[PDB]
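Worksheet for the structure shown next.
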Amino acid sequence: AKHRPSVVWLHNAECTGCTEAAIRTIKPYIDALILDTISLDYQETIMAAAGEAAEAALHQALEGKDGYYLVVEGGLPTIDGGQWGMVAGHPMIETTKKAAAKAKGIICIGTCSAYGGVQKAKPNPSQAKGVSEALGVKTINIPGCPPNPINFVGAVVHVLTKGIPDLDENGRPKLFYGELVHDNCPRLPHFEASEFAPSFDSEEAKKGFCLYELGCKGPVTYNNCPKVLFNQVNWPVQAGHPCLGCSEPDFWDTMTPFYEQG
Amino acid sequence: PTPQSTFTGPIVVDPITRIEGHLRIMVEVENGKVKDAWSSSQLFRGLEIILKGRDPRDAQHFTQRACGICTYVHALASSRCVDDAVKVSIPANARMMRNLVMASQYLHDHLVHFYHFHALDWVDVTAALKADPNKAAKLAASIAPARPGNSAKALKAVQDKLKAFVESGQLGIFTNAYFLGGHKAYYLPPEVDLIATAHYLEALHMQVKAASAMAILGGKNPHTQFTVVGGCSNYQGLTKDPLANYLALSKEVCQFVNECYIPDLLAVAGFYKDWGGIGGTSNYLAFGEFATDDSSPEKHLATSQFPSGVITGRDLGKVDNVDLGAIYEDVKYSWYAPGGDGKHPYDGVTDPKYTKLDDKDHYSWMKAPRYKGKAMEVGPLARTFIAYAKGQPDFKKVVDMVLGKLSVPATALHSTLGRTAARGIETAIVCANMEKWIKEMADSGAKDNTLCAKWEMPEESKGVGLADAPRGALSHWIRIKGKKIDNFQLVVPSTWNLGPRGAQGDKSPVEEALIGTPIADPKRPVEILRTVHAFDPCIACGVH
Ligand code: SF4
Ligand code: SF4
Ligand code: FCO
Ligand code: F3S
Ligand SMILES: [Mg+2]
Ligand code: NI
C-alpha cells in the first residue's frame, strides 16, 4: 500500500456548485482520483460520517502525521463573530483558520473562496470575505462560478506532483487563466467586423453574431472556457449567451449590469 | 422488529452530511424514540437583500447561485418570474427547451441523491467485502435486468478495489462511518451491499453523462447559461446533431435508471419495509412541472403534466387548486427581526437577526412557509400523491406497480420509505417521457426556430415564477419599481420542508416526520439521517 496525500475539503458560505463541478472530472474520474491519487479525508457533501463522527474525522485529518492539503469552497461570513455561518457549533472563520494554519497548501475552489463571491456582493449583509483576505494566507485560486473541473483537478494534481504553479496577479494558475475568453472565442471575427446581435430575438443572434452589445464580458475575463468547453460539449457563448465574467474577483459588482457594458 | 435502544436524552447531529449545505438537527429522545425535534439551518447569505435595486434581468444569474446542486432551477424560476412581470409569453420552442433542461436536472439530481447522498444510510459498504462475488452475481441475475456490470467478474473487481482501499488504512470518505463494525439498523445481506456499492461507483460515471446531456441545451453544468427574458438564447440547441446526441446521452442515463436505480431502490425498500411506518406527514403541495402552456403562472398550474395541487390531512379524494395568495412566511422561530410574521412573498421582508445557538425561540436561518396556517411537504412524494390522486396515467401505473411489488397499501407511502420510493418513481416517469419531449422540440425547432420574444421593461410591475424543482414547489416573486428591483423574494422547496416552526409553534414537515424515529444506537443515529436525507435537504436553497 502506497500512502496517498491527505486532502481536507471545507464548505463555508457556498452553493455546493464547486463540489458539483469537481465531480464532473473525467481525467481521471472522481472515483479513480479518490481511490488511487488522493486521500479525501473530509468532505461534507459525500462523506459517510455525520455530526460528532464527522467532526472527529476532520480532527483526525488535521492531526495526521503526514500533513494535509486544504481545499476551501465558499466565502467566510465575518459579521457577529462569524456566527452567521457555522459547522458543529463553530464559526466557519474559526475552523478554516485552524485548518489553514498547518496546511501544506491551500486551494480555493471557486470565486467565493478565492474572492468572496455572491454573498460578498453589495450590500454584503453577512460581511463575507475571500479566504486569503479573512485568514491572511496565500491561496491558489481556482475561480469561476463554478470553475471547470479541468482547472481544479489539474491544479490539485500539479500541486501534489510538481509544486505550486505559476500564478497571475489574482492568484490564478496561468496554465488555465492566462488568456482571455475573448481571444479564443469563435465569434471573434464577428467582433472584429463589428457584427453584433442587438437582441436575442434578432436575425443576427440566429446567425451567431457577437454578443458584446448584449453585455458579453469575454474581453475582460480570464478563463479557458471556449478552448476546453464544459461537460465535453458546450460553453455559454456557444449557447448564444454572453459571458458574465464569473472568474473575475467581485464580478457580481464589477460585471453588472450583465446585459450591458456600462 | 425495528431495533431501538432505551436511550433518554438529547442528540445533536451537526453537520448533517450528504446534503447540500449547513444543517444542525436537535432531538429529544425518550426510551429510544424521538419525542421532539428542531431543524436548525446554520448559514445565511442574503440573496434577496443583495438583489434590491438591481436590474431585473440580472436576477436569474444571482438566484441561480442559491444552489449548485439544484443548479438551473432558480435561473428558470427567476426567468419565469420576470417574464410574468413584463407580461411576455415565451415562444413554444423556449417552453420546450426550458422544460427539457428541467427534465435533465431531475435525472442528474435524483440519481446522485439516491447513490451518493442517501444509500450510505442503508448500505453497509464494508460488509460488501464479506460477500461471495459469485453468489452476489447470482442474486443480481434474479432481482434485476441482465447486464455486464452485474457479472461475478465485474462484482469481484469492485470488491477487490474496495478491499485494497480499506486495507490501506486510509478510509477517506468512509472514515467513522456509522456502519463500521456493523450496526443494528443496517439490515442488508452482504451480497446486496456489494451490488449497491458497484452501482454507487458506476453512478459516479453516469452522472457526468447526465450533466453533459443537460449542458447541450444549458451551455454548461453546473450553472446553466441559456435563459433570457422572453425565452432562451440557444439556437444551436434546436438543431439536429446536438438533439441526437442529447437523445443518446439521455437514453444511456435512463438505461442506468431502469437497470440499476429502480431495482436497487426496490431491493432496499424490500428489506426496510418497517420504514413504511416511520416518518409520515399529512399535507402536500406542488406547483406542477412540465407544462404544455407556460404563458402565465395560472396556465402553468393548470397544464403541468406533473400536476399541481394541494392535499390536506392525507385525503387523496380532495385535491385542491393552488391558491398563490394563501402562501406566506413566518419568522417567529427564525433568526430575523420582530414583526415579520404572516408575510405574503410580494410583501416579503428579510431583516436578519441572530441570537445564539440552540435558542429554542430562534433557531434557524430559514423562514417558515405556511399555507392557510398549515405546513406543507413538497417534492417527489408531494408530486406523486397529487398525480396519483388525480389519476395521472403514468403515476397511477408506476405507483400501483411499486405497491404490487412491495405488497404494501398506498397509505404506507406516507412515510420515509414512501418519500424515497417517490423520488425513484418520478425518475422512471421522466425517463419514459424524454424521447417524446425531444421529438416534439426537434420537430418544432426544425419548422421554425423562434426562441425569444420581444419585450419591454415596465416602470412598475410584479410577477411570480413557479417551478417544481427536484426537491419541490419553488416560487420567485418580484416587485418592480422605477424599472428596478424593489423586492425579490424566494420561497424554496427546502424552506417548505426543513424550515422551523411557524407562528403557531407548529413543527415543519421534517420536524414532524422526525417524531417517533427509533434510535438503535444513540452514538450512531443513522435513523435520523434516513428521514432527513429522504427529504433531500438543500440548505443554501432553503435560506438563500
Ligand atoms: S463559486 Fe459559484 S458555484 Fe462555486 S460555491 Fe460560489 S456561488 Fe457556488
Ligand atoms: S461573444 Fe463575447 S467573447 Fe465572443 S467575440 Fe463577442 S464579445 Fe468576444
Ligand atoms: N430542488 C431544489 Fe433547491 C431546494 N430546496 C430549489 O429550488
Ligand atoms: S461566465 Fe464564466 S464559465 Fe466561462 S464563459 Fe464566462 S467565464
Ligand atoms: Mg426567502
Ligand atoms: Ni438546491
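Protein sequence lines, in the order shown, are assigned to chains A and Q. 3 is the number of the first residue of the first sequence in the deposited numbering; add one for each residue after it. 6 is the number of the first residue of the second sequence in the deposited numbering; add one for each residue after it. The beta carbon of each residue, even a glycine, is placed where N, CA and C say it ideally should be.
The three-state secondary structure of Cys237/Q, taken from DSSP, is strand. Annotation: the continuous beta strand (DSSP E) that includes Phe295/Q extends over 294 to 296.
Membership of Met31/Q in the beta strand (DSSP E) is indicated by the continuous run 28 to 35. In the assembly as shown, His5/A is an exposed residue. Its beta-carbon has fewer than 16 other beta-carbons within 10 Å.
Not a single C-beta of chain A is nearer than 8 Å to the C-beta of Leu199/Q.
By the neighbour-count criterion, in which 16 or more other beta carbons inside 10 Å mark a residue as buried, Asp185/A falls on the exposed side. Below 8 Å, enough C-beta pairs join the region 24 to 44 of chain A and the region 203 to 214 of chain Q to call them touching: three or more. Take the alpha-carbon of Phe232/A and the one of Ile283/Q: they are about 42 Å apart. Taking the beta carbon of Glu215/A as reference, no residue of chain Q falls within 7 Å; the closest one sits roughly 14 Å away.
Counting only unbroken stretches of 4 or more residues, the alpha helix (DSSP H) elements lying wholly within the region 173 to 243 of chain Q are 195 to 223, in sequence order. When the beta-carbon positions are compared, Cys457/Q and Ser238/Q come within less than 8 Å of each other. Relative to ligand 5, the beta carbon of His549/Q is positioned inside 7 Å of a heavy atom.
Assignment of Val354/Q by DSSP, reduced to helix, strand and coil, places it in the coil class.
With contacts defined as CB atoms closer than 8 Å, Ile108/A and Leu72/A qualify as a contacting pair. At a cut-off of 7 Å, the beta-carbon of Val39/Q does not count as near ligand 1: no heavy atom of the ligand is closer than that. Within the DSSP secondary-structure output, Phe232/A pairs in a beta bridge with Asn236/A. The continuous alpha helix (DSSP H) containing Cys114/A extends over residues 113 to 117.
The chain-ordered list of residues whose CB is nearer than 5 Å to some heavy atom of ligand 1 reads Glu16/A, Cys17/A, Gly19/A, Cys20/A, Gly112/A, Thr113/A, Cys114/A, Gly119/A, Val120/A, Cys147/A, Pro148/A, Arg70/Q, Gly73/Q. Listed along the chain, the chain Q residues whose CB falls inside 8 Å of the CB of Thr258/A are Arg59, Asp60, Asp63. With respect to the C-alpha of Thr47/A, the residue from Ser45/Q, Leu28/Q, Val39/Q having the closest C-alpha is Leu28/Q.
Boundaries of the beta strand (DSSP E) harbouring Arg484/Q: 477 to 486, taken from the DSSP string. Within the same chain, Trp340 come within 7 Å of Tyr359/Q by CB-CB distance, once the 5 residues on both sides are set aside. For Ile148/Q, there is no enclosing beta strand (DSSP E); the residue is part of the alpha helix (DSSP H) that begins and ends at 138 to 148.
Going by DSSP, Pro374/Q is part of no alpha helix (DSSP H) but of the beta strand (DSSP E) stretching over 373 to 376.
The beta carbon of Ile520/Q sits closer than 8 Å to those of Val39, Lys40, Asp41, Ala42, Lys512, all from its chain and outside the five residues before and after it, given in chain order. Runs of the alpha helix (DSSP H) spanning 4 or more residues and lying entirely within the region 73 to 135 of chain Q occur at 78 to 91, 97 to 117, in chain order. In chain order, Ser46, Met371, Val497, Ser499, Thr500, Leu503, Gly504 place their CB closer than 7 Å to the CB of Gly547/Q, counting only its own chain and leaving out the 5 sequence neighbours on each side. Counting only runs that start and end inside the region 391 to 437 of chain Q, the alpha helix (DSSP H) elements of at least 4 residues fall at 398 to 411. Counting C-beta atoms within 10 angstroms of its own C-beta, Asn36/Q has fewer than 16 neighbours from the protein chains shown and is therefore classed as exposed.
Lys256/Q and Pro145/A have their alpha carbons spaced roughly 33 Å apart. Look at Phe202/A: its C-beta is under 8 Å from a C-beta on chain Q.
Counting only Cβ-Cβ distances below 9 Å, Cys20/A has contacts in chain Q at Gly73, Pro227, in chain order. Not one heavy atom of ligand 3 lies closer than 7 Å to the C-beta of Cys86/Q. Burial state of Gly91/A is exposed, judged by a 10 Å Cβ sphere holding fewer than 16 other Cβ atoms.
Between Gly477/Q and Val383/Q, the C-beta gap is smaller than 8 Å, which places the two residues in contact. Taking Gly14/Q as the centre and dropping the five residues before and after it, the same chain places the C-beta of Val34 closer than 7 Å to its C-beta, in chain order.
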